[PDB]
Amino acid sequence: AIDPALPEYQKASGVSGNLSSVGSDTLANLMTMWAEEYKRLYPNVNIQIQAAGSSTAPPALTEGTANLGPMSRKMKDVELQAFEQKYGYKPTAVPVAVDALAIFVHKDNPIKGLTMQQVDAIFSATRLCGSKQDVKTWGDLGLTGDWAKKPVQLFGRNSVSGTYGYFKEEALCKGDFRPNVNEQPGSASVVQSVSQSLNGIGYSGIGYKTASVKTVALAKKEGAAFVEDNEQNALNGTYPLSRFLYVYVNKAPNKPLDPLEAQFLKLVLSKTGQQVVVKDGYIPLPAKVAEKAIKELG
């Protein structure tokens, strides 16, 4: 299930204090489960997690109120720069898992695949990926019979979601979402809304999949292959919305991390940590990714 070359976690000494995480909802369950494990190994640690969205991580790290900043996108240059203005160096992005950001439909929706131009036409007001068609009904996407006149009901994330920002950039070619997207407070609500809407569609991290929804395979263009969300396609990038999930930390350039943060990350980047990734339905890190991160952190 996980790369057999991932390291095993070993307990270290000198670990105590209060870890606070602020950021991604994509990573909410991962952070909770990792935290639970970390607390069991080190009962002197107290953990607090807030998971309102990736855009909340940079100011918390910059202001020093968070020790860990989970994000499902990289920081923007302007976010990196705000941190740097204060500290004199950039915050460090630790990869912790892989996502195949999913387009979810109801399990009984007969649609098999969408092109990225269709995805844009569904979700955007702007159609910058090049469709000429304002998609309003499932018939506009090729469905037939009673599906042809069914409206497409849209569900998505809010302004501070990293998933929202990544989807905007990659799936909408930097355009804007349609105003009739029903914004939800987190990924579980997106998937729940699609589960309760035969005619619904939403986007969220693959880990929030449930048996009531299915993911749609995605083609880069008409006449190109529809690529499924699976570990191989996310790890070679062929799945068009593959992304790493990150935890940002404040690592000063030639100075070790406080054990409180260091050991948490070491746990995440181990077999124990990556087993949690698999259990939550995300894609675990190749061993070489974990090794690179460990080295970058000291």
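Start at 1 with the first residue shown and count on from there.
Checked against the record, the higher mean CA B factor of 73 to 81 and 125 to 133 lies with 125 to 133. Higher mean CA temperature factor, per the PDB entry, when comparing 238 to 246 with 61 to 69: 61 to 69.
Taking only the listed residues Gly207, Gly162, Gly223, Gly200, the entry reports the highest CA temperature factor at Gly223. Considering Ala51, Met31, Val268, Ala252 together, the PDB entry gives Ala252 the largest C-alpha B factor.
Ranked within its chain, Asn46 lands in the highest third, by CA B factor from the PDB record. Ranked by Cα temperature factor within the chain, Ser193 sits in the lowest third according to the deposited record.
In the deposited entry, the Cα temperature factor of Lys168 sits in the middle third of values across the chain's modelled residues. For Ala12, the recorded CA temperature factor ranks within the highest third of the chain's modelled residues. When all modelled residues of the chain are sorted by CA temperature factor, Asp140 is found within the middle third.
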